[PDB]
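Below, in structure tokens: the form solved without the partner chain, a single chain.
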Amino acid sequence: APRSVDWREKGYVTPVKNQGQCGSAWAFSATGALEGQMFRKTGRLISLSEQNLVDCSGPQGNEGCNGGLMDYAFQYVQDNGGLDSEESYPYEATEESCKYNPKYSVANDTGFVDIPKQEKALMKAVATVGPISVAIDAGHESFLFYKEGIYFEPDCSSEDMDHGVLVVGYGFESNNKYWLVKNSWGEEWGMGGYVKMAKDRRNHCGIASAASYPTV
């Protein structure tokens, strides 16, 4: 119910990372959400290994640099019973064979929860839980070139909502409401790697596409 929420301020959120030319956004979105939930549990923020996810979470349905799903990532962590740190298992921006080492695991999870495709539901989750994984439409040139301000999706379509990102908060610029959204295109994109997305729009849509978060 609070009118603003920002989880970075609360220490839940690692610095912005860069996926490279590898279609692995699903992995950065997943690690973001798990980093948040591990922080809540332990109080220790530890950057998590996307590469671990990209290499090893095929059996759950993920396709490495060719795409994947935050939920499949959360399921891998449960099945696997851990996930290595970013430090122990660094990002290569390409799919290699699995190198999971249990001795370097710094995260578990216990399941995951899908949120309904409603901006009100997303609000309640963000206010309550921590950073939330979602997928957005990242396809448009104006989003490529984004620098500042509230970004308005020109265009509402389910199919195109397929780039994984992390909702770390919400606020208002004033009226003029926005989600605070951490991307994985490095800190030179957008507002040091962040974007404010228009929120509670009027025209009915919609970034609560495939919203979800792990349980710990």
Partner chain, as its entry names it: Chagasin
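Residue numbers count along the first chain shown, from 1. So that the term is clear: the rigid core is the largest set of C-alpha atoms that superpose within 1.5 Å between two forms. Residues that one form lacks are left out of the comparison.
The mean C-alpha temperature factor is higher for 91-99 when 91-99 and 120-128 are set side by side.
Averaged over their C-alpha atoms, the temperature factors of 100-108 and 140-148 are higher for 100-108.
Sorting 54, 34, 45, 168 by the CA temperature factor given in the entry leaves 45 at the top. Comparing C-alpha B-factors across 208, 198, 195, 13 in the deposited entry, the largest value falls on 208.
In the deposited entry, the Cα temperature factor of residue 27 places it in the lowest third of its chain's modelled residues.
In the deposited entry, the Cα temperature factor of residue 185 places it in the lowest third of its chain's modelled residues.
Residue 157: CA B factor in the highest third of modelled residues in this chain (values from the PDB entry).
Annotation for residue 179: CA B-factor lies in the lowest third of the chain's modelled residues.
Beyond what is shown, the protein has a form solved in complex with the partner chain; the following relates to that form.
Contact annotation: residue 32 falls outside 4.5 Å of the partner chain in the bound PDB entry, judged by heavy atom distances. Heavy atoms of residue 68 reach within 4.5 Å of the partner chain in the bound PDB entry, making it an interface residue. Looking at 20-49, the residues that come within 4.5 Å of the partner chain in the bound PDB entry, counting any heavy atom, are 20, 21, 22, 23, 26. With the core held fixed by superposition, the comparison between this form and the one not shown singles out 158 as the only member of 158, 42, 47, 66 whose CA moves by at least 2 angstroms.
Relative to the superposed rigid core, the position of the CA of residue 23 differs between this form and the one not shown by less than 2 Å. Relative to the superposed rigid core, residue 193 undergoes a CA displacement smaller than 2 Å between this form and the one not shown. Once the rigid core is used as the reference frame, the Cα position of residue 13 differs between this form and the one not shown by less than 2 Å. An increase of at least 3 Å in the separation of the C-alpha atoms of residue 66 and residue 159 is found in the bound PDB entry, compared with the displayed form. Relative to the superposed core, shifted segments between this form and the one not shown, defined as three or more consecutive residues with every Cα moved by 2 Å or more, span 155-160, 202-206.
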